[PDB]
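Okay, structure first, notes after.
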Amino acid sequence: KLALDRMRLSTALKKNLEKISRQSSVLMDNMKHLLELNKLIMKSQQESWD
Amino acid sequence: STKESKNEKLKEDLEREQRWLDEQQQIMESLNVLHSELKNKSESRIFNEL
């Protein structure tokens with residue numbers, strides 16, 4: 001069930017890529033926040049490894 | 001936030017463990033030296049002492 005739902009979401013999101021780039025959304029702010037958080041998370045993970 | 005807290009605790013524990021390791025190395029070296037010195041080194045003598 002999860003795989004089917006993920007594939008459906010993936011194709012439905014790929015079909016409308018340019019609309020989420022021209023006038024996209026506050027989703028762009030959400031994406032930039034996620035992009036800012038992921039790098040710090042990975043750096044902390046590497047430090048913990050060492 | 002949780003990863004940051006984990007990293008801080010890890011650094012503190014690292015410092016404490018380093019200090020403990022140094023002290024334990026000193027103690028073990030002293031104990032080995034004492035054992036070596038001890039290993040390196042009859043009522044007549046008791047009566048003569050008295």
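Results, tabulated for the structure shown:
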item: From B:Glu4, B:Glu29, residue being within 14 Å of chain A (Cβ to nearest Cβ), surrounded by 10 or more Cβ atoms within 10 Å (Cβ to Cβ) and assigned to a helix (DSSP H, G or I); result: B:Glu4
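For every residue, the table says whether it meets (1) over 15 Å from the mean Cα position of the chain (by Cα); (2) loosely packed, with under 10 Cβ neighbours inside 10 Å; (3) away from chain B (no Cβ under 14 Å).
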site: A:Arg8; (1), (2), (3): yes, no, yes
site: A:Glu18; (1), (2), (3): yes, yes, yes
site: A:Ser24; (1), (2), (3): no, no, yes
site: A:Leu35; (1), (2), (3): no, yes, yes
site: A:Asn38; (1), (2), (3): no, no, no
site: A:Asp50; (1), (2), (3): yes, yes, no
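The numbers here are math on the coordinates, done by the rules we state, and not lab data. With ideal geometry, Cβ positions are generated from the backbone for all residues, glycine too; neighbour counts draw on all protein chains shown.
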